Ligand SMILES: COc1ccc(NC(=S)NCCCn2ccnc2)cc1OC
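Quick heads-up: it's one chain on its own, the form deposited without this ligand, in C-alpha cells.
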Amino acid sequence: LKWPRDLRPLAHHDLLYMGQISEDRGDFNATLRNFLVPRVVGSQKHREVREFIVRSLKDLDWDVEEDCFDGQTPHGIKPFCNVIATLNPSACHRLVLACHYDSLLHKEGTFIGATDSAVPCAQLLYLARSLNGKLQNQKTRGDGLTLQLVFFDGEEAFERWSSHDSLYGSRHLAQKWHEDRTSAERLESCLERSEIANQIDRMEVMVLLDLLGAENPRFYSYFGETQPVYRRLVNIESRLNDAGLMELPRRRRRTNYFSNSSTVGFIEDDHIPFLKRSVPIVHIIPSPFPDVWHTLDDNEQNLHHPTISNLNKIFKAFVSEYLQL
C-alpha cells in the first residue's frame, strides 16, 4: 500500500543550498533564546512565549489560530492555548509539523526544557522563516497541499500519568478536528481518491519533533504506516553527508541519526488522540532519550549546536522535498 502522494526526490541544487547554513545561524539562535525560559502552564512567561510564536508566524503572512480551552488537571481547572498556523488554510491536505511549547513543572526547581521542547519549537519557526520565499511561492500553485505547524500546549504531565492527567492540547485538538465535519467538495484540490469526512482527515502526515538538541540522537521508524516518509529523512541525511554538508567533530565522519532499521515496536500511547483517529505519524524523537531528559540539566549550555544545525538541514530539505519546493 503506497503513500497517497508521489515522491519527487529533492533537486541536487536544493540539497546543496539547504545544506550550507550561511548566518541563518543568528536568526536561529535569536529565535531559540526566546524559548529558553520556564514555560509553565498558565504563567506569564508561557503566555509571552505564545505571543512570540503567534507574532512570528503572522509576520510571515500565515493564518494563525489560538485554540484556547480549559482542562481538568489535578491542580484544578487550568487554561491552555494551542497555536495552529496554516500557510494556505484552503489547501485540502496539510503536511503538519508539531511540538509542544509548555515546559514540565519540575518537582526539584526551575526546568528550562531546552531539548524538551525549546529547540523543537525554535526549529519550527526557523523552518517557516528560512523557507518563506519558496513556501509563499508553493502556496499559490493550487495543488491542494500546504504546510501547517501545531505548537501544542499542556502536553507534559503533572503526576504519575493517570490516563486522565496529560496531553491536554492534543486530546482537545484531536477531538475538535475529528468533530468538525467537511468533505472534498468544500476544499481545494483534494487528491483524487481521498476520503475527507472531517478536519482531521486533512492531516496528511503529522511530523512530531521532541527531545532534540543533545548530541548524537538515534531515531528509528516508530510507525510502519509512515515508513515511506521516514525513509526520505534517512535518504536526505545520507545525501547531506555524501555532499560533505554535516558538521562532524573530525574529518571523514558521518552522522547516522536516522536508523535504516526495520520499524521498531515501542509503546506509542501518547499519540493516540491522533492514532485512534487514523492520523499517520512520524515521531522524530530519540531512542534512548537524551541523558538530560527531565533533569534540571536540560538547559542552554547542554545543547549541541552542531547536531542542531545538522538536524535543521535535514528538516529543511525534508520539508522542501515533501512540498516540492
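Numbering starts at 1 and follows the sequence shown. Residues that one form lacks are left out of the comparison. So that the term is clear: the rigid core is the largest set of C-alpha atoms that superpose within 1.5 Å between two forms.
- Going from residue 23 to residue 24, the model skips 1 to 3 deposited residues, which lack coordinates.
- Stretches compared: 15-23, 302-310. Higher mean C-alpha B-factor in the entry: 15-23.
- Of the two segments examined, 192-200 and 147-155, it is 192-200 that shows the higher average Cα temperature factor in the deposited entry.
- Going by the entry's values, 271 shows the largest Cα B-factor out of 277, 283, 46, 271.
- Take 231, 254, 218, 78 and read off each C-alpha B-factor from the entry; 78 has the highest.
- Residue 165 sits in the highest third of its chain by CA B factor, as recorded in the PDB entry.
- In the deposited entry, the Cα temperature factor of residue 123 places it in the lowest third of its chain's modelled residues.
- Compared with the other modelled residues of the chain, the Cα B-factor recorded for residue 100 ranks in the lowest third.
- In the PDB entry, residue 171 places in the middle third of its chain by CA B-factor.
- Among the modelled residues of its chain, residue 242 has a C-alpha B-factor that falls in the middle third, as given in the PDB entry.
Another form exists, solved in complex with this ligand; not displayed. Remarks below refer to it.
- When this ligand is superposed onto this form from its pose in the deposited bound form, none of its atoms comes within 2.4 Å of a backbone or C-beta atom, and the site is therefore classed as open.
- In the deposited bound form, at least one heavy atom of residue 287 sits within 4.5 Å of a heavy atom of this ligand.
- Contact check for residue 293: a heavy atom falls within 4.5 Å of this ligand in the deposited bound form.
- In the deposited bound form, this ligand stays beyond 4.5 Å of every heavy atom belonging to residue 203.
- Contact annotation for residue 30: none of its heavy atoms lies within 4.5 Å of this ligand in the deposited bound form.
- Across the proposed site, 191, 225 and 322 without exception lack any heavy atom within 4.5 Å of this ligand in the deposited bound form.
- The stretch among 234-242, 195-203, 180-188, 149-157 whose residues place heavy atoms within 4.5 Å of this ligand in the deposited bound form is 149-157.
- For the residues 51, 66, 268, 297, the 4.5 Å heavy atom test against this ligand in the deposited bound form is passed only by 268.
- Taking a 4.5 Å heavy atom cutoff to this ligand in the deposited bound form, the one contacting residue in 104-142 is 116.
- Only one of 64, 264, 296, 68 has its C-alpha shifted by 2 Å or more between the shown form and the other one once the core is superposed, and that residue is 264.
- By 3 Å or more, the C-alpha separation between residue 225 and residue 268 grows in the deposited bound form relative to the form shown here.
- A change of 3 Å or more separates the two forms for residue 225 and residue 263: their C-alpha atoms lie farther apart in the deposited bound form.
- Look at the core-aligned forms between the shown form and the other one and you find a single run of 3 or more residues with C-alpha shifts of 2 angstroms or more, at 262-272.
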